[PDB]
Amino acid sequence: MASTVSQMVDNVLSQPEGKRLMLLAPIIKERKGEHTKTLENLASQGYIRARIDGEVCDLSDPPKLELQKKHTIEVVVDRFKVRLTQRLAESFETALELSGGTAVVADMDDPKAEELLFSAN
């Protein structure tokens, strides 16, 4: 629906109390390649954790992606509990800068649960 950062922060936090969520920056989505360059570039920006084909990974020692397989990569910008604000509105701003203006929030506990997709437009 193309929200403001205030509006994004508000849909998160409108979420069941004490639920553990991760805020993600989509980097590359469903694209074949080894992505050695972005994976290297993300590490140099200072980030530590990423979600790579739906697994959480250390960006200091990434898994090796098969050349000929489709992969998707997201940075984990933040991990929080749902009670703040403030701090989240930053974390979103940051995520929106790593992708070109998208953000994704996912349940940490139940990976098959639905994800929230925000777009800054």
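Heads up: residue numbers just count along the shown sequence, starting at 1.
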{"property": "Gap size between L84 and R83, counted in deposited residues that the entry leaves unmodelled", "result": "1 to 3"}
{"property": "Given 20 to 28 and 104 to 112, the range whose Cα B-factors average higher in the PDB entry", "result": "104 to 112"}
{"property": "Comparing 8 to 16 with 94 to 102, the one whose average Cα B-factor in the PDB entry is higher", "result": "8 to 16"}
{"property": "Record-listed C-alpha B factor of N41: chain third", "result": "lowest"}
{"property": "Within-chain third of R87 by Cα B-factor, per the entry", "result": "highest"}
{"property": "Assigned third (lowest, middle, highest) for the C-alpha B factor of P63", "result": "middle"}
{"property": "B-factor third for the C-alpha atom of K69 within its chain", "result": "highest"}
